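Asker: Next up is a structure, given as structure tokens.
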There are 4 protein chains.
Amino acid sequence: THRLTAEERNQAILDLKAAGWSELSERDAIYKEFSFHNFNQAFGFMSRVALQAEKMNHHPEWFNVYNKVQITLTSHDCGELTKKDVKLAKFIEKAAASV
Amino acid sequence: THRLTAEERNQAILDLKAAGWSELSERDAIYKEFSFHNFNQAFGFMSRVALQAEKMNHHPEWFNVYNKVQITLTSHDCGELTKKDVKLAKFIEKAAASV
Amino acid sequence: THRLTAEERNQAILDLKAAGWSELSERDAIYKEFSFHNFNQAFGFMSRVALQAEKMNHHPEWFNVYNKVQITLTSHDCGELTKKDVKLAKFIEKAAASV
Amino acid sequence: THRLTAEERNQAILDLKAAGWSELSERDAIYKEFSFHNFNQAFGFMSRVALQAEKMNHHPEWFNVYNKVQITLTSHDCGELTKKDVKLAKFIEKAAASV
């Protein structure tokens, strides 16, 4: 299953909060704003995320202007946060951190 | 100059309205939602736009989820719509239309 | 299986030859050069192919300079042309044709 | 001018050799192979380079398969290595090093 147990969810939220993600209050979704130096960096980062979204069949809701990228993750068919969201968030952290 | 004359602005708005763009009421900006078949198409389109944004040093405000891309254009330093916005919009129409 | 039957291979080669691909003589691989108007188009095309490569876990050998993209497809683990190569080639044709 | 003085060329070659580039013997061009962990990384890197190529109007000759990217730089109109090649190489080093 892609569903999180209560234990897995608790742990995922701790880990994601440590990584700077927040939970939305009105949706079962997580959110984070990334700020790069420029658009070259931001769009290079988006390109990596896009590749992974297609590998996983799991897609972000995201906004960009120049160096800023705002990302909301949730599992659109399920209506809830799942292991797919946690995995994509962890990949996004890796893609962002390298620059 | 990148500034539009009154005549050039009037004509640009007519052309952009014909292309499905709208003017925002609260900002001097234009807006359009694009709907593709899938994310592969949407992100391929975004990649072309990103390339052009760097060629022009002129960047969109944009939101994507899966096949949908929402774009707002304005010239951030100027506070107004300029020839840069018109040129980028026309390029975006070309990139979208080819699929 | 991803392997082609003799019938499926014969048919795939006919279809791919009609689409402008050639068979290499020294490898069980197919090859085609694409020529676009510019790099914006060529790299937009590459971005779509890259997305699909990650969706499929199947990667091209490719060369680009400006508007030209040369692609060789074969299944690297198998040493032969497979259904993965045919599927990716058909996707590449779609991505190229739209511009 | 984009042309290198003899002093600037000597210094550029030293710096680029330190960065792992080589001079081709038969062309006035420089060459380097990059090896990433995977295609996600390699294509994210290519996307950054593509953006910069359009910003600069200066394009690589490059080959990719999975995690490997081979790049040859020269100024196609000039027939020689120029400041554009040095600048793009330095950008490529930055894009590669971050991962």
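A note on labels: chains of the structure tokens are A, B, ... as shown, every chain counts residues from 1, and ligands are counted from 1 in their shown order.
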Can you pull out the residues contacting residue 70 (chain B)? Cut-off 10 Å, using only C-alpha atoms, and skip same-chain residues under 5 positions away; I want them as number ranges by chain.
Answerer: A: 63; B: 31-35, 60-65
Asker: Report as a VMD selection string all protein, DNA and RNA residues lying within 12 Å of residue 51 (chain C), evaluated on only C-alpha atoms, omitting residues in the same chain fewer than 6 positions from it.
Answerer: (chain A and resid 47 to 57) or (chain B and resid 38 to 44 47) or (chain C and resid 44 to 45 57 to 60 88 91 to 92 95) or (chain D and resid 39 to 40 43 to 44)
Asker: Name the closest residue to residue 2 (chain C) among the candidates C:74, C:82, C:25, C:67; distances are taken between atoms, counting only C-alpha atoms.
Answerer: C:82
Asker: How would you write, as a list in words, the set of residues in chain D that DSSP gives as strand (DSSP E or B)?
Answerer: residues 22, 23, 30, 31, 32, 33, 34, 35, 61, 62, 63, 64, 65, 68, 69, 70, 71, 72, 73, 75 and 80 of chain D
Asker: Given the selection you just returned, output its residues as a file containing N, CA and C atoms, formatted as a compact mmCIF listing (two decimals), in the first residue's frame.
Answerer:
```txt
# COMPACT_ATOMS: atom_id res chain seq x y z
N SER D 22 40.02 19.29 -21.28
CA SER D 22 41.15 19.09 -22.16
C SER D 22 40.96 19.87 -23.46
N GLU D 23 42.06 20.16 -24.14
CA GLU D 23 42.03 20.75 -25.46
C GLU D 23 42.01 19.64 -26.46
N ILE D 30 37.49 22.85 -26.42
CA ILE D 30 37.74 22.15 -25.17
C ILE D 30 36.69 21.09 -24.92
N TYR D 31 37.06 20.07 -24.14
CA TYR D 31 36.25 18.89 -23.94
C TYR D 31 36.29 18.42 -22.50
N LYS D 32 35.15 17.98 -21.97
CA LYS D 32 35.13 17.28 -20.69
C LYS D 32 33.96 16.33 -20.58
N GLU D 33 34.22 15.14 -20.01
CA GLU D 33 33.18 14.20 -19.61
C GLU D 33 32.82 14.34 -18.14
N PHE D 34 31.53 14.44 -17.89
CA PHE D 34 30.95 14.49 -16.55
C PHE D 34 30.24 13.17 -16.28
N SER D 35 30.39 12.64 -15.08
CA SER D 35 29.72 11.43 -14.67
C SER D 35 28.98 11.66 -13.39
N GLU D 61 28.23 21.44 -27.85
CA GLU D 61 28.10 20.15 -28.49
C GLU D 61 28.16 19.13 -27.39
N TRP D 62 27.11 18.33 -27.24
CA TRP D 62 27.09 17.43 -26.11
C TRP D 62 26.40 16.10 -26.40
N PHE D 63 26.91 15.06 -25.75
CA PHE D 63 26.40 13.71 -25.81
C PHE D 63 26.02 13.28 -24.41
N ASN D 64 24.89 12.60 -24.26
CA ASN D 64 24.44 12.05 -23.00
C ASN D 64 24.01 10.60 -23.19
N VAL D 65 24.37 9.76 -22.23
CA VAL D 65 23.67 8.48 -22.03
C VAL D 65 23.58 8.24 -20.54
N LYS D 68 26.07 9.99 -17.90
CA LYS D 68 27.26 10.55 -18.51
C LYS D 68 26.89 11.70 -19.45
N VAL D 69 27.63 12.81 -19.36
CA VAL D 69 27.46 13.94 -20.29
C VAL D 69 28.83 14.38 -20.77
N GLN D 70 29.06 14.29 -22.07
CA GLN D 70 30.30 14.72 -22.74
C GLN D 70 30.07 16.03 -23.43
N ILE D 71 30.91 17.03 -23.16
CA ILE D 71 30.69 18.38 -23.66
C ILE D 71 31.92 18.86 -24.40
N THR D 72 31.71 19.37 -25.62
CA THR D 72 32.73 20.05 -26.39
C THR D 72 32.26 21.51 -26.59
N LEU D 73 33.16 22.45 -26.30
CA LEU D 73 32.87 23.89 -26.44
C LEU D 73 33.83 24.54 -27.41
N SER D 75 33.56 28.25 -30.37
CA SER D 75 32.70 29.29 -30.86
C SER D 75 32.59 29.02 -32.33
N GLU D 80 37.18 29.33 -33.28
CA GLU D 80 38.15 29.32 -32.20
C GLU D 80 37.50 29.43 -30.83
```
Asker: Between D:66, D:77, D:86, D:94, which has the minimum distance to chain C (counting only C-alpha atoms)?
Answerer: D:66
